[PDB]
């Protein structure tokens, strides 16, 4: 069994008080390694998160945006003044959350949760795409249902686009010919009772291709809503089949900025990249900061 190792005992990205769109939280970041650079697309909030009201209240409204950051080394990032993605009004009035970015044939697809704030089920999987990581277009609701924790596979299977999603509480898979209409829905992995992953699970970042399968980092939620990261392996030719699944988490809230924050007891990844035989896993910490942790590819054994 193997574990992620943190590159820092401090966040690598933290809120910026003088930018309203990110003055309270930066977390749950997609990442893509291209042009020998880490391109990070992070969720950012203008406010703390009041989640225990009967409905989302205007007086506690938070708005998520997607910011951009770039790094040579994966640790030190240059950041920018304005977010690169904001929500459309009114269906995404409370913003755009938890992006997962997948490259498929020289196009970049960002899958995110659009949240309208009209009730606590007013969220859905949305998708935009670009050819340059810069000019995002083609917005669509991927599944018109309350759903999230979505990612595209980086290649087609038998000609079909492959979507991971999360009808509560399982990781689901589905297929598409046109990136519009989805079919062959199937549960692929389920929570495990009396474990750290008992309440619900969901995909982390998009799966990483290996020789032995697709690496599926995921998050598991226990009975007290603690988020941890786990890891499984999907079959290479049929990624709807799980062929291995580690019992122990690979990352858990441990540092004080992972245990305490806007949402306590959370580590959460929307993105991970392979650079020089190392997996770099970017993670939100307590829905407040961003950390990064790694594992050598050789140590990934099932």
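Residue numbers count along the first chain shown, from 1.
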The stretch whose C-alpha atoms carry the larger average B-factor in the entry, 216-224 or 103-111, is 103-111
Entry B factor averaged over C-alpha atoms, 85-93 against 122-130: higher for 85-93
When the entry's CA B-factors for 249, 67, 261, 271 are compared, the highest one belongs to 249
Residue 150: C-alpha B-factor third of its chain, per the entry, is the lowest
Binned into thirds over the chain's modelled residues, the C-alpha B-factor of residue 43 lands in the lowest
Here the Cα B-factor of residue 143, set against its chain, lands in the third termed highest
Assert third(CA B-factor, residue 80) within chain per record equals middle
So, residue 293's CA B-factor, relative to its chain, sits in which third? The middle
